[PDB]
Structure formats: structure tokens, C-alpha cells
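Enquirer: From the sequence below, what's the structure:
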Amino acid sequence: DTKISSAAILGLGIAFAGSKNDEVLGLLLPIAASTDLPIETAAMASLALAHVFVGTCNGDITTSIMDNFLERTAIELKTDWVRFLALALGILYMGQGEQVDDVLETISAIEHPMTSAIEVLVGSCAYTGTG
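Expert: Numbers count the residues shown, from 1 in each chain. Please find the structure below.
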């Protein structure tokens with residue numbers, strides 16, 4: 001039903017309201033980058049983080065979320081966390097931004113799996129003209 005860990009995060013998700021503190025952002029990021037521990041748990045943490053910054057914006061969060069995008073271990077054979085991970089990347093730039101063009105440009109630089117699919121997704125959600 002609900003893992004003891006999942007429940008703990010739940011209540012914590014409610015308190016995450018103050019997450020708008022360079023303190024929580026400094027702790028979540030490192031844990032969101034998943035330097036080793038399964039990315040599964042990181043996905044949950046990164047989720048709540050957004051629920052908070054869902055109003056504000058920051059390039060830092062993307063930093064941690066980016067490092068993980070490349071750190072994607074064979075564990076990528078899944079099909080669910082990516083849909084959410086990519087969704088959070090689009091919400092951070094809901095108001096569009098030339099940056100989006102810069103980020104994607106980086107992905108194209110480095111050869112990656114069918115990930116190209118996502119590149120086209122976030123690539124569509126931007127300037128209503130795209131050059």
C-alpha cells in the first residue's frame with residue numbers, strides 16, 4: 001500500500017512548503033542528482049520539490065535534474081519516470097525562454113538513445129515560431 005519511506009515523504013511533502021529556502025534546495029539537489037542511490041527515490045523527492053517551486057523558477061534545480069539525465073543508468077529500460085522527469089523540465093520553462101534552445105542544443109551535441117523523442121517534445125513547447 002504505502003512503504004514506510006513513502007509515508008514519511010508524504011507528510012514531508014506538506015512541510016516542503018518552506019522548500020523555498022536555499023537550504024532545502026541545497027539538500028534536495030544533491031539527493032535529486034542521485035550520485036548512486038536508485039533514481040526511483042530521487043524521482044519522488046524531485047516531484048515534491050516542484051510542487052513547491054511550481055510558482056518560482058531556478059536554473060539550479062535543472063542542474064541536478066540535468067546531471068541525472070546523463071547519468072541515466074541502464075535502469076532506463078523503464079517507462080514512467082522519464083515521462084515525469086521530462087515533464088518537470090518543461091514546467092520549469094512554462095514561460096518559454098531562449099535557454100530552452102540552449103539546453104536542447106546540448107542534448108543534440110551528445111549522442112543519446114531514442115531520447116530524441118523527448119527533444120522534439122520540449123522542442124515544440126517554446127517560441128511560437130522557432131526561428
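
Enquirer: going forward, measure contacts and count neighbours with C-alpha atoms only.
Expert: Noted.

Enquirer: From the contact counts, what lies against the lengthiest helix in the chain?
Expert: Using DSSP state H, we find that the single longest helix of the chain is helix 39-53. Secondary-structure packing of helix 39-53 (3 or more CA pairs under 8 Å, 6 or more residues apart in numbering; DSSP states H and E): helix 22-32, helix 81-91.

Enquirer: want to throw those helices into CSV with mean neighbour count and distance to residue 106?
Expert: CSV is the format used below for the helices and strands packed on helix 39-53 (neighbours: other CA atoms under 10 Å; distance: least, CA to CA, whole Å):
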stretch, mean neighbour count, distance to residue 106
helix 22-32, 16, 21
helix 81-91, 15, 14
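
Enquirer: Same list, those, but as TSV with distance to residue 44 please.
Expert: Putting the helices and strands packed on helix 39-53 into TSV (distance: least, CA to CA, whole Å) gives the following:
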stretch	distance to residue 44
helix 22-32	9
helix 81-91	9
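
Enquirer: number of nearby residues for residue 100?
Expert: 19 (other CA atoms under 10 Å).

Enquirer: what's the answer for residue 42, then?
Expert: 19.

Enquirer: these two touch, right, it and residue 34?
Expert: Yes - with contact defined as CA atoms under 8 Å, residue 42 reaches residue 34; the gap is 6.3 Å.

Enquirer: what residues are up against residue 68?
Expert: By CA atoms under 8 Å, 6 or more residues apart in numbering, residue 68 lies in contact with 32-34.

Enquirer: Please apply the same query to residue 126.
Expert: 96-97, 100.

Enquirer: before we move on, what SS does it have?
Expert: Here residue 126 is coil, with the state taken from DSSP: H, G, I helix; E, B strand; the rest coil.

Enquirer: Distance check, it against residue 92.
Expert: 12 Å (CA to CA, to the nearest Å).

Enquirer: Residue 38: neighbour count?
Expert: Residues near residue 38, counting by other CA under 10 Å: 11.

Enquirer: phi, psi of it?
Expert: When read as degrees, to the nearest 10, the backbone of residue 38 gives phi -50, psi 140.

Enquirer: now it: how far from residue 76?
Expert: Here residue 38 is placed at a distance of 11 Å from residue 76 (CA to CA).

Enquirer: now residue 18
Expert: Residue 18 is 32 Å from residue 76, by CA to CA.
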